[PDB]
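A short write-up of the structure that comes next.
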Amino acid sequence: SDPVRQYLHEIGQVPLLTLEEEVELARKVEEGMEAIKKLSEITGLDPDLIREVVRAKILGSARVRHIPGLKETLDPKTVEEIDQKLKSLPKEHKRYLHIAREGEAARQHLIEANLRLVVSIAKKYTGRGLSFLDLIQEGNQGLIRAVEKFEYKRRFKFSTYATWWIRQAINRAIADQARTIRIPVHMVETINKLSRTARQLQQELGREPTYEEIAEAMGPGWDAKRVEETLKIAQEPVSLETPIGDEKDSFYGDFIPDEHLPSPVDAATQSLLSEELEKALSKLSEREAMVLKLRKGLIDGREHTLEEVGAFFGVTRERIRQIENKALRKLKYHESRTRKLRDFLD
Amino acid sequence: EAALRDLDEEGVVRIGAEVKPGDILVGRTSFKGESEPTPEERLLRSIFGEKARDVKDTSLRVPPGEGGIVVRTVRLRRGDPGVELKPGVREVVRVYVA
Amino acid sequence: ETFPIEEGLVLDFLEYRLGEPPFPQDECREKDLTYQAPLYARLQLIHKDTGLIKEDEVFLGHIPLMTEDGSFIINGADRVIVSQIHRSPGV
Amino acid sequence: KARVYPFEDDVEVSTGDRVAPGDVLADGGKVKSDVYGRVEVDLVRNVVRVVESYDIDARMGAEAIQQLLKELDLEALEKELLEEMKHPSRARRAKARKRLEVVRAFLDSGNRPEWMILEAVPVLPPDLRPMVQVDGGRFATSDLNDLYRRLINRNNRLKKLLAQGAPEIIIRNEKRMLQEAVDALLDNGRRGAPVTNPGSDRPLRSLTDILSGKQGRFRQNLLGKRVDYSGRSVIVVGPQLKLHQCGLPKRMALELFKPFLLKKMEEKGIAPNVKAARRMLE
Amino acid sequence: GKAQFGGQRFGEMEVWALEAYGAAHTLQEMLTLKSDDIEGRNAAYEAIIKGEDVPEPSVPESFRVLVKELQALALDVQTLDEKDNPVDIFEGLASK
Amino acid sequence: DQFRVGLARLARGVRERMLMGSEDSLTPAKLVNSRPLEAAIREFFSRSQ
Amino acid sequence: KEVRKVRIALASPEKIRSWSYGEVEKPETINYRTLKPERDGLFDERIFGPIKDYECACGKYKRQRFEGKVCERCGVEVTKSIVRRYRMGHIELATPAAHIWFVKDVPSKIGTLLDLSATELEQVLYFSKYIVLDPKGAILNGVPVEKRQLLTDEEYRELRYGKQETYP
DNA sequence: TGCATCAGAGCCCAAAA
DNA sequence: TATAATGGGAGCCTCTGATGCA
Ligand SMILES: [Zn+2]
């Protein structure tokens, strides 16, 4: 009933490794990867493609899926085909298949046996914007990375290497997923630096620092303007569903007008303007109404240069400017006489 | 100029002025939305021969039913002694109407 | 109640002090400021293994001050903290 | 628990293969398996172990449930339940009835039971969960975006863990996390702890919350609405009124009828046209 | 609210009053031209400033919101005519 | 009461910092983060009922 | 035509995909610098429609009478912005997920069809217990495994992986 | 089979903020 | 990218109907 408690119980069913067991699994994993490289040489087949086939057979029929990197769609037909090329190897070659198979198995066990380590690291990162289980899963992701890169020859225990990768994975997740507006990981680093810096400055100064004081503390390149710009980018949005006083009766979003959809008055006004504009353009020639529409964008919305408008009507860049001026002149004359367009000037 | 009569050089309504609904308290301009020059407005502006301004009138006005005598104005910019505003805010003006 | 904070590192509480307000009451209302005092706490860090003692007065932030008439100024606005009736602890 | 099959020559299986009694193991068919099990190929001991175990298909989650839902012939289950409707026991007849009513519901309607399990999750149009810049240039956004974000993150992580062949513990934790994430989006708080934004106790508002309740879509915006051409003021007694009359303040009436007043201002010369009339009223 | 230049809330109980009076067109105005019917409210303003009578209303936008919110819940909501053929209240905009 | 809550939270950060840091160079200023405390009081005064 | 009836029915995964104008592949919302929507994110203009009327995202096709064009560069249809209230997206789950209404609304509809209690349906959906599709001749404690039987983790592993043991 | 136990369902309007 | 590190942490009313029990 409690998703954390459940996961913790499952984690506790895989016994921790002895130093011997730990070294053995790590050793088998390293040997298996070397075998996959070797099997690549023999066959002339993609090392990654081979690895997925080996891994497919260990995990079982349960998990079979397309892999983004594989050039061929990976389905039981192809893994049987490729597995049969592997089962066609001579005894001294076919043994590398057995090595690879046993490698994947040990990889699985090594990961499963270190899962409690991730939990003990992840529990320390709560409250930074990721849920506990989310932190556990990203931490687990780092543990997988760690198992593939671990070099057992160095005689260091596994926990030593994993912890680096697990910490790295959790910190990347927090930087990547914690914000509704996503921020580049490096920019988050600068923001966090500014926080630490400002908090230090407030601890010596007995008050919150100004923008200028932070710029000093940040070193060269930083002025007060830049501290302010950085804080602006770092602002997180607020919920439209934020309650507003009263009781449980109103939402913050209910007080926000909609500026996009026109109000009845605004919509009406813009429509009437288009129709009155067309009325005046029908009093011109077809060519001089099109010239104006093309120059001011009442077509595509962009204002064409004289060279482009001239090229569409076949005239000189000076000519299209001229027919525009008599168009505006005829237009200007009709306006002082008929007073149609006066009210739209606001 | 009738509309701006009671605003000082800086755009703030003068102390002692009587303000009625619709009157400008603080004049303010905002840069037009990036869509802004509608093609309809481009042709209209062209007819009267007035370039469409880059900024729009966002001035603070007296709401319906309110108004009175201006008894105070407070103006706070960024970069003046003693004042630091929330990030992004250049200046804040407060007008007290009695 | 909170101190001492144990593990061989142990942090113990000595005493706290409240400074004077950075701005007077009227000024806070003008500037949308909270009328408040800086709070500091004298703490001594002890290493139970080594015996090493580093002692310092750390700044804990500000605490809002009540005016003479029993109210507060919080972000420039005057506020009242209403007493709350409830069931007394006991058996 | 394994059978030991020593081999002199090459072995035809490999570690991880599953095997039934009689399958050829090594040495061109000479040695074969006596039991059901999982093949473990020992190159040191020069023996093929087969660990006794079955090819059983057993699953967890909505994937298992979806299969069982697909494997329903509703006509057949109707027959079974019809036979049950004759049983002497009062409780027995009742239980077959409740079941039979859901079955018949699906039968008449044309809905397949497996649709109660989601594969593609719909995404609401953005303007109904907006991200808007408020007055200060600050952003205000609907809770649904965070609920969707949780879902997408966990789904993508699930895709990655699957492609990299993580152990079942990792995949199971991830899958159960994925179900909970869909749950929060559709009806948050229904099962388990309500998902909240960080540093707030406020449950995020899910689709179910939007639809239902006093503040929900039906009662707030559908069976009732805020309206135009409306006003409010303090009431005062009007003894001089005839029964069909009320006193209406002129300033109220000018706003409520404003469009009508603009047109009438055009008939009379008070303004050149409707646009100028409105500008005069500002 | 007055500060937003708001309209008055015509709530559940107010609709009942209009229902008990049998004022179907008055009520329909409240539900459409005077609220969230976008085409309707736009058309009504233009008609009033032109001296024409207000036009027949269209679908209230908050019903469309309700439909899309039910689609987000994996429920298919279909408007039908008397022949049980689908009627499209989005006028082709949401269908490929 | 709100002060006490913020103080308990501040202690969590302190205890957590007394492990991951340097066992040699640590002051009380490096060990104590007051943000949890400031927030509890700021929360009470601004948003309490 | 006049609306005389409103039907409500379940939606297939196929139908949910037929509504959808695109898959939302990223938790991103809008870009922190440009404030424009992130491609493939929740606000993406390539999926739900243009933010501005008859204007594509990059602004190659900016005017009317181009209704229906989809800009090759930015991928956005030139149409009315009102469509961002209408067009649905979708997320393709890597594993099916139950719609909680059909799980937690008692008596459960899924549970009722399959003769599964509230506890049993919980245990399968939330990964507490296995359910058997094909026993393939399994036996546990002397009795054959029957289809639609619930197995614990310990029970499944003994069946699936065997009962090996290590003694220190 | 008839009784108990628990999970889930509701709990005034408008106004204001 | 390498000393070793391996299982979390918290809490404040009535009716109706299904579910689990002699
Ligand atoms: Zn484009």
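One line per chain: the protein sequences are U, S, G, F, L, A and X, in this order. In terms of UniProt numbering, the first sequence opens at residue 78 and continues consecutively. In terms of UniProt numbering, the second sequence opens at residue 731 and continues consecutively. Quick note on numbering: the third sequence equals residues 50 to 56, 63 to 146 in UniProt numbering. In terms of UniProt numbering, the fourth sequence opens at residue 397 and continues consecutively. In terms of UniProt numbering, the fifth sequence opens at residue 1023 and continues consecutively. In terms of UniProt numbering, the sixth sequence opens at residue 342 and continues consecutively. In terms of UniProt numbering, the seventh sequence opens at residue 3 and continues consecutively. Quick reminder that beta carbons are idealized off the backbone N, C-alpha and C, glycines included.
Neighbourhood of residue i by C-beta, 6 Å cutoff - its chain only, sequence neighbours within 5 removed
i, result
"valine 80 of chain X", "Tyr56, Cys58, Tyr63, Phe68 and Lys71"
"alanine 398 of chain F", "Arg445, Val446 and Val447"
"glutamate 215 of chain U", "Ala246, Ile247 and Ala250"
"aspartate 46 of chain X", "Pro39"
Where residue i falls, given that 16 or more other Cβ within 10 Å makes a residue buried
i, result
"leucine 650 of chain F", "exposed"
"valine 632 of chain F", "exposed"
"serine 366 of chain A", "exposed"
"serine 1057 of chain L", "buried"
"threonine 121 of chain X", "exposed"
"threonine 257 of chain U", "buried"
"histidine 117 of chain G", "buried"
"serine 375 of chain A", "buried"
"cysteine 83 of chain G", "buried"
"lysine 7 of chain X", "exposed"
Limits of the beta strand (DSSP E) - the one that residue i falls within
i, result
"residue 60 of chain G", "Any structural detail on residue 60 of chain G is unavailable, because chain G resumes at 63 straight after 56."
"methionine 527 of chain F", "527 to 529"
"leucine 12 of chain X", "7 to 12"
"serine 602 of chain F", "Counting along the chain, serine 602 of chain F falls outside any beta strand (DSSP E), and DSSP gives it neither H nor E."
Span of the alpha helix (DSSP H) around residue i
i, result
"residue 448 of chain U", "Since the displayed chain U opens at 78 and closes at 423, residue 448 of chain U lies outside it and no answer follows."
"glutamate 1041 of chain L", "1034 to 1043"
"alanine 370 of chain A", "369 to 372"
"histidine 186 of chain U", "168 to 190"
"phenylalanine 778 of chain S", "769 to 778"
"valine 447 of chain F", "It is not in any alpha helix (DSSP H) - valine 447 of chain F instead sits in the beta strand (DSSP E) that spans 443 to 448."
Whole-number beta carbon distance between residue j and residue i, since they are thought to touch under 8 Å
i, j, result
"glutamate 189 of chain U", "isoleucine 565 of chain F", "6 Å"
"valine 224 of chain U", "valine 106 of chain U", "7 Å"
"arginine 568 of chain F", "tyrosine 132 of chain X", "Going by Cβ atoms, the distance from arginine 568 of chain F to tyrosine 132 of chain X rounds to 11 Å, so no, they are not a contact pair."
"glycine 1029 of chain L", "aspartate 469 of chain F", "The pair is not a contact, with the Cβ atoms about 56 Å apart (cut-off 8 Å)."
"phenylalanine 614 of chain F", "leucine 607 of chain F", "7 Å"
"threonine 411 of chain F", "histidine 175 of chain U", "6 Å"
"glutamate 436 of chain F", "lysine 466 of chain F", "Contact flag wrong, Cβ pair sits at about 35 Å."
"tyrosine 128 of chain X", "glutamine 529 of chain F", "With a Cβ gap of about 40 Å, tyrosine 128 of chain X and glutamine 529 of chain F do not count as contacting."
"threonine 1054 of chain L", "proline 1079 of chain L", "4 Å"
Sequence-distant residues of its chain with Cβ nearer than 7 Å to residue i (five each side left out)
i, result
"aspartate 542 of chain F", "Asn593 and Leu600"
"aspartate 419 of chain F", "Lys428 and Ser429"
"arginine 791 of chain S", "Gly752, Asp753, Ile754 and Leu755"
"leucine 348 of chain A", "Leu378"
"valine 785 of chain S", "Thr759, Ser760, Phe761 and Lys762"
Sequence-distant residues of the same chain with beta carbon closer than 8 Å to residue i, five excluded per side
i, result
"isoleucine 1111 of chain L", "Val1081, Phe1085, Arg1086, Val1089 and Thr1101"
"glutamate 4 of chain X", "none"
"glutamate 384 of chain U", "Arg394"
Examine the Cβ distances between the region 1088 to 1103 of chain L and the region 349 to 369 of chain A and report whether three or more of them are shorter than 8 Å. Not touching, per the Cβ criterion.
Counting Cβ pairs, one atom from each stretch, are 3 or more of them under 8 Å apart for the region 1037 to 1045 of chain L and the region 319 to 326 of chain U? Look at the beta carbons and you see the region 1037 to 1045 of chain L not touching the region 319 to 326 of chain U: under three pairs across the two are nearer than 8 Å.
Does the count of Cβ pairs from the region 88 to 96 of chain G and the region 819 to 828 of chain S closer than 8 Å reach three? no
Closer than 7 Å to ligand 2: residues, by C-beta to nearest heavy atom, in chain order: Of the ligands one can find in the structure shown, namely ligand 1, none is ligand 2.
The region 521 to 533 of chain F touching the region 92 to 111 of chain U, judged by at least three CB pairs closer than 8 Å: Touching, no.
Could you tell me whether the region 366 to 378 of chain U touches the region 754 to 770 of chain S, using the rule of 3 or more Cβ pairs below 8 Å? With the cut-off at 8 Å, the region 366 to 378 of chain U and the region 754 to 770 of chain S touch.
Meets three-Cβ-pair contact criterion under 8 Å: the region 87 to 106 of chain X and the region 570 to 585 of chain F: yes
Three-pair Cβ contact test at 8 Å for the region 171 to 186 of chain U versus the region 145 to 158 of chain U: no
Three or more C-beta pairs below 8 Å linking the region 497 to 510 of chain F and the region 7 to 16 of chain X: yes
Meets three-Cβ-pair contact criterion under 8 Å: the region 583 to 591 of chain F and the region 1052 to 1071 of chain L: no
Can we say the region 799 to 819 of chain S touches the region 294 to 313 of chain U, given the rule of at least three CB pairs closer than 8 Å? yes
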